[PDB]
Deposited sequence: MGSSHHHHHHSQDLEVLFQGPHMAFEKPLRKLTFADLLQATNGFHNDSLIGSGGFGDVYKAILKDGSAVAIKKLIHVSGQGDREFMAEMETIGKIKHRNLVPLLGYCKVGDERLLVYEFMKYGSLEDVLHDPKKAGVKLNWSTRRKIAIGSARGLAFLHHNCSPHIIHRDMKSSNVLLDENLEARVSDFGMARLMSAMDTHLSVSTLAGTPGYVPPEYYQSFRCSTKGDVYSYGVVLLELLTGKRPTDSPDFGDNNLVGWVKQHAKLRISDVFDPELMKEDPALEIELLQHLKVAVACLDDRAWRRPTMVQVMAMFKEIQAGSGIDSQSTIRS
């Protein structure tokens, strides 16, 4: 059953990035007030707000370091700033004045997957989330030239909009890799504990298969309902480690009680989705599927 993978908005007809006034963002957030904050500390603070036109936005205010360039601002502007797809967060505008660098996303109703999955998601709903987030990443790797390597896929960087559909976000660490290359050399260790592929700890090189590892983790989170690290059941392990040792024993215990409880006849489909996740988490990068294959695994499971 023949599927055309990418058929999202044609850029040429898209609303261009609006350059915004700092004063407007300043006012709309009440002087960047604390009760407007929705995200704190990581490379900036993110504030919920409604613009002059009624549009609900999230405004990321990037922290300016003395004697430094705006690398993270540019990373988003040169990547998510240039593309649109239903499984990517919409970057609506930006503010660049003096040393201020702000990024204005369309506001995604339910905030991040992490926020939701821990503090209502049924299977059908979670299935849709894994699929859409796979499509978003696939777009970055396969439908962009040069390719985009996200470098920080995690459940907090998967937003959920009105109809609970997945939107990959936070492009601050993203990098462009020529299609002729297989990897990009980076200067430092970047990524979130729980999600870093093994090879990133051996060599300062990122690649699309790097992103694919991190995706696998996000999929575990959906299947298990666990955080990627620091859960009491884990012990000396992470989510990845835990699922690994745990499975020789009783595989289906790994699954989230809430999904199992909803229906005992989805225990098989759940198991099949775990195969995808495990493939993505292969220690050998070359053996991991591309995100295009992951999507194909998903749609095979259904039929």
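- Message: Numbered from 1 along the deposited sequence, what ranges are absent from the coordinates?
- Response: Several stretches lack coordinates - namely 1 to 12, 132 to 137, 322 to 333, in sequence order.
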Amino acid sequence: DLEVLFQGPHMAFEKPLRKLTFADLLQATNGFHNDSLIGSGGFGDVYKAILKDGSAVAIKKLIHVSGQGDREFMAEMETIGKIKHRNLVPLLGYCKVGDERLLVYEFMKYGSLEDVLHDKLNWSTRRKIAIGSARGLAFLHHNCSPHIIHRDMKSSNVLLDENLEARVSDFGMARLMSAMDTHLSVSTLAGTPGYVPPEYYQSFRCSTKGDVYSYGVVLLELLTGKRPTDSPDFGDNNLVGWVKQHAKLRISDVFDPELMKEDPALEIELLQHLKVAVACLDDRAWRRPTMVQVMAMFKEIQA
From here on, numbers count along this sequence of modelled residues.
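- Task: Identify the stretch, either 271 to 279 or 235 to 243, whose C-alpha atoms have the larger mean B-factor according to the entry.
- Result: Comparing 271 to 279 with 235 to 243, the higher average CA B-factor belongs to 235 to 243.
- Item | 253 to 261 versus 33 to 41 - which carries the larger mean C-alpha B factor in the record | Averaged over C-alpha atoms, the B-factors run higher in 253 to 261.
- Message: If I read the C-alpha B-factors straight from the PDB entry, which of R101, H141, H118, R135 is highest?
- Response: Spelled out: the listed residue with the top C-alpha B-factor is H118.
- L220, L189, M180, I83, ranked by C-alpha B-factor: the highest one: Largest recorded C-alpha B-factor: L189.
- Query: Lowest, middle or highest third of the chain for the C-alpha temperature factor of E114?
  - Reply: As the PDB entry reports it, the C-alpha B-factor of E114 lands in the highest third of its chain.
- Query: By the record's CA B-factor, is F204 among the lowest, middle or highest third of residues in the chain?
  - Reply: It falls in the middle third of the chain.
- Task: State the tercile, meaning the lowest, middle or highest third, of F107 with respect to the CA B-factors recorded for its chain.
- Result: Answer is middle: the recorded C-alpha B-factor places it there.
- Relative to the other modelled residues of the same chain, rank the CA B-factor of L2 and answer lowest, middle or highest third. Middle third by C-alpha B-factor.
- Query: Against its chain's modelled residues, does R227's Cα B factor rank lowest, middle or highest third?
  - Reply: Highest third - that is where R227 ends up once the chain's C-alpha B-factors are sorted.
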